[PDB]
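> so I've got this experimental structure, pasted below with the sequence.
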Amino acid sequence: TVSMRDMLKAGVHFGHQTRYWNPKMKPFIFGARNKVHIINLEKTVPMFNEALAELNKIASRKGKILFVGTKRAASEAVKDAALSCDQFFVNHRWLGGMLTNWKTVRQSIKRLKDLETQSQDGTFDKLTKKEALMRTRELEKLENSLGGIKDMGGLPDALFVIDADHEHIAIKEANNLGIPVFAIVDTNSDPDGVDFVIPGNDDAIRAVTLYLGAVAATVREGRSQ
Amino acid sequence: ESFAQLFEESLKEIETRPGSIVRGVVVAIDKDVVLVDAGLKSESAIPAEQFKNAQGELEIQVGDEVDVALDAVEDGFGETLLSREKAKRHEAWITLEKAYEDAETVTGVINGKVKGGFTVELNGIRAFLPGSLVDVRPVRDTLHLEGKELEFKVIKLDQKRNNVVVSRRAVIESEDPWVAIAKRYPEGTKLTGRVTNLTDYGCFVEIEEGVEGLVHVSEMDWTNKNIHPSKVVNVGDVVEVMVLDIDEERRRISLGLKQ
Amino acid sequence: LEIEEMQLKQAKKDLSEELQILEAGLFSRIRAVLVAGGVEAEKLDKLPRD
């Protein structure tokens, strides 16, 4: 679906510097221009397409997708992507054992929900100023952490990831659980934990956005189906 | 296919390493960080201070194109060296243009000599030149209306280390660093030098054609010990500095900044 | 299927309405009984629908 030219324009073909590479990414690498590794778009594209297809399929059976990206450059974008296809996301720091330790985190989620309710639906007001402030702070904290996953209910049936090396904890958790992983994997990253590897530039913003958008579209399509 | 191979050598052909090809489109502005995309592996974290012109406010919105620089790749994450140096090459080209007709004409306005040559400033940048260059004869711009308008007629340039002394008024008139290290020597010759890296004891301003200066922590200001040089001056900025000391042997020119 | 949504939204409306109708009568009844265990009229009008 996503063309090669577009990818090139975005800056998918660019990778990291040669000294920071992983030799498990040697198949997906093409060459090294100006001492910086170039990802092979001929090998990338089909894989990407396959991944997209898989995602679509998942969506079709009413699968829950989780969008992970805690880089802070593409935190805004990932959330947007998630919301477009009304799916869940973790745009700020992944809580260690979010999925493996769901049952504890489900309590946190519940608490957050309660807080939200108190804030909005109650309309009681009349609260001690320090206490109120504290409550507000707590709410903020919760929202930041678990805002995207509050309506997830259980565990997701697939896990889309913007960087494998950065979100290794998440990936590991997924592996432990047995959730399919759809990771964007730059030359420095490790592809071994990832099920459906996508060789591409995690760092560049435009590229990331592109990666998101197609995925979102596919999810939407699946839903429609 | 070989579509991609050919596309790779094509994209090699349509970029170069320095800040030469004005290619990065400014794709997000936020104070205090500009950011471009010149067809590199990542986006630059640009300062705002490489892009405000001569009175302090910004000049370029979204879509605008300046080249940056290169030859340094990946400090962890990111891409460039700053586009402002880019600009230096353009300045060099205009200075070079003189050679063709033996006269580069702009405006040069030089009020005084930090180190024996009036300072001339062209557009945003200000440069320092050796003392003769400011005046064609013995006229002296001290009697001229302050910060006067002429041009610059070049008197002397050092060709390696960048010092250029230029000719105000009189329109009618028209191994290597260390052997002869006696030019900026004699006790206190002021220099204009860009700082490079501040090593928590130092600042490392070093400009004059492959040398190293320190301005370590003791002077820097008029407080001694509590100063922490990163707070007090800058990173990458051309400043007031002069020699105070040269050892041509254990190459330690020990500059100062409290002057 | 056009009328399907009409009846669909109708049921919920009355369902909540009736509950609210009793809720209105119950809310008043709560305050009505609120005298042997808190008659503070100015200390009973805290949260509205919470």
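Now that the structure is in, tell me what you want to look at. Residues are numbered from 1 along each chain as shown, chains lettered A, B, ... in the order given.
> near chain B, which residues of chain A are found?
Counting by Cβ under 8 Å from any Cβ of the partner chain, the residues of chain A lying close to chain B are A:4, A:8, A:11, A:14-17, A:19-20, A:30-31, A:33-36, A:38, A:40-42, A:201, A:203-206. In short, each C-beta sits where N, CA and C put it, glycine included.
> buried ones among these?
For the residues of chain A next to chain B, a burial check counting by 16 or more other Cβ atoms under 10 Å in any protein chain shown picks out A:4, A:8, A:11, A:14-17, A:20, A:30, A:33-34, A:36, A:38, A:40-41, A:201, A:203-206.
> if we check chain C, which of the residues of chain A next to chain B are in contact?
Among the residues of chain A next to chain B, chain C is touched by none when using Cβ under 8 Å from any Cβ.
> okay, and which of those map to strands?
The members of the residues of chain A next to chain B that map onto strands under DSSP state E are A:14-17, A:30-31, A:33, A:36, A:38.
> ok and the residue in the stretch 1-150 of chain B nearest chain A?
residue B:74 (3.2 Å; Cβ to the nearest Cβ).
> in which helix or strand does that residue reside?
Assessed by DSSP states H and E, residue B:74 sits outside every helix and strand.
> so residue B:41 sits against residue A:18, correct?
No: look at residue B:41 against residue A:18 with Cβ atoms under 8 Å: they stay out of range, at 11.0 Å.
> more neighbours: which of those two?
Each of residue B:41 and residue A:18 has its neighbours counted (other Cβ atoms under 10 Å in any protein chain shown); residue B:41 has more, 26 against 15.
> quick check: the residue nearest to the spatial centre of chain A vs residue A:148, distance?
Centroid-nearest residue in chain A, with Cα atoms, centre = their mean: residue A:68, separated by 2.1 Å. Distance of residue A:68 to residue A:148, computed by Cβ to Cβ, to the nearest Å: 10 Å.
> all helices in chain B, in order from the N-terminus.
B:2-13, B:83-101, B:229-232 (DSSP state H).
> for the longest one, packing partners?
Right, helix B:83-101. Under the contact definition 3 or more Cβ pairs under 8 Å, 6 or more residues apart in numbering or on different chains; DSSP states H and E, helix B:83-101 sits against strand B:125-128, strand B:154-157.
> need the ones you listed in JSON lines (columns: distance to residue A:195).
Shown next, in JSON lines, are the helices and strands packed on helix B:83-101 (distance: least, Cβ to Cβ, whole Å):
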{"stretch": "strand B:125-128", "distance to residue A:195": "55"}
{"stretch": "strand B:154-157", "distance to residue A:195": "63"}
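> which one of those lies nearest to chain C?
With Cβ to the nearest Cβ as the criterion, chain C lies closest to strand B:125-128 of those, at 65.0 Å.
> run me through the strand neighbours of the closest one, direction for each.
strand B:119-122 (antiparallel) (DSSP bridges).
> what's the strand it pairs with in contact with?
With Cβ atoms under 8 Å, 6 or more residues apart in numbering or on different chains as the test, strand B:119-122 has contacts from B:91, B:94, B:106-113, B:126-129, B:133-134, B:152, B:164-166, B:168, B:192.
> from those, which ones fall inside strands?
B:126-128, B:164-166.
> how about stretch A:79-98: buried residues?
Buried residues in stretch A:79-98 (16+ other Cβ under 10 Å): A:79-82, A:85, A:87-92, A:94-95, A:98.
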